[PDB]
Amino acid sequence: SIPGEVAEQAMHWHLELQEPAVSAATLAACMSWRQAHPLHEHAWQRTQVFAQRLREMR
Amino acid sequence: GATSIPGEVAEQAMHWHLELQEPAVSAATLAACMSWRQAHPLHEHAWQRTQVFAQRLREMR
């Protein structure tokens, strides 16, 4: 149950962290988002879990 | 016209955009949307252009 705005932020940061190469700026930014509100962190965690499950099904 | 999206890609792009418009989205739904975007360059591109035009349209309402 992630609110839509949190979800799009969650998606944008997850996708950035999937690039082959990530900048320190982007990391710093991702972490700041995660740390800014517990729902950010929760959204991040759950999205990690299902992304992993999804890959295991391809 | 100005480069269109193949029909099946657009159909998927509309589906994923509308899912993300819901007041609440599941993590499963995010993971699926991301996987689609990542599966082919056309998907990601369609997603981005669709965000752009949806925003423009909203500014016209």
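Residues numbered from 1 in each chain as written, not as in the entry; some residues may be left out. Chains lettered and ligands numbered in written order. Heavy atoms only, no water.

- Method of determination, as annotated in the archive: X-ray crystallography, at 2.019 Å resolution.

- The name given to chain B in the PDB entry is Siderophore-interacting protein, and the organism recorded there is Pseudomonas sp. WCS358.
- Listed in the archive, the entry goes by the title "Crystal Structure of the Cytoplasmic Domain of the Pseudomonas putida Anti-sigma Factor PupR".

- Naming follows the PDB entry, where chain A appears as Siderophore-interacting protein of Pseudomonas sp. WCS358.

### Comments concerning the interface of chain B and chain A
- Each side of the interface is counted separately: chain B has 16 residues, and chain A has 17 residues.
- Across the chain B to chain A interface the summed buried area is about 1,300 Å²; carbon plus sulfur atoms make up 71%.
- When the buried surface of chain B facing chain A is broken down by residue, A27(B), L30(B) and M34(B) rank first, second and third, together holding 36% of it.
- Taken together, chain B and chain A are joined by zero salt bridges.
- Our count for the contact surface shared by chain B and chain A stands at three residue pairs in polar contact.
- Among the elements of the structure, β1 (24–25) and α2 (27–39) of chain B are those that each provide at least two residues to the side of chain B that touches chain A.
- Counting residues per element, the side of chain B that touches chain A draws most heavily on α2(B), which supplies 10 residues.
- When grouped by side-chain class, the residues that make up the side of chain B that touches chain A number 12 nonpolar, two polar and two charged.
- Note that strand β1 (residues 2–3) of chain A and β1(B) share two bridges and pair antiparallel. Bridge pairing in β1(B) places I2(A) opposite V25(B). (Contact = heavy atoms within 4.5 Å. Buried area = accessible area lost by both parts, 1.4 Å probe. Salt bridge = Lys/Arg side-chain N within 4 Å of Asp/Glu carboxyl O. Polar contact = N/O pair within 3.5 Å; in protein donor to acceptor, adjacent residues only side chain to side chain. Helix = DSSP H or I, 4+ residues; strand = E, 2+ residues; numbered from the N terminus. Nonpolar A, V, L, I, M, F, W, Y, C, P; charged D, E, K, R; others polar. Pairing = 2+ DSSP bridges.)

### Notes on helix α1 (residues 4–17) of chain A
- The end-to-end C-alpha separation of α1(A) is 20 Å, in line with the 20 Å expected for 14 residues at 1.5 Å each.
- For α1(A), the set of buried residues is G4(A), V6(A), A7(A), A10(A), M11(A), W13(A), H14(A) and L15(A). (Expected span 1.5 Å × (residues − 1). Buried < 20%, exposed > 50% of the residue type's maximum accessible area, 1.4 Å probe, protein only.)

### Describing the pattern of salt bridges
Residues and elements named next belong to chain A.
- Scanning the entire structure with this criterion turns up two salt bridges over all chains.
- Between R34 and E41 there is a salt bridge, and its shortest N-O distance comes to 2.8 Å.
- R34 gets classed as partly exposed once you look at its relative accessible area, which sits at 25%.
- Judged by relative accessible area, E41 falls into the partly exposed class, the value being 23%.

### Quick word on the packing of aromatic side chains
- In the structure shown here, the tally under the stated rule is zero aromatic pairs over all chains.
- Residue placement shows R53(A) over the ring face of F50(A); its charged tip is 4.9 Å from the ring centre.
- Directly above the ring of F53(B) sits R56(B), whose terminal nitrogen or CZ lies 4.7 Å from the centroid. (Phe/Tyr/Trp six-rings, centres within 6.5 Å; stacked < 30°, edge-to-face > 60°. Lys NZ or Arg CZ within 6 Å of the ring centre and 35° of its normal.)

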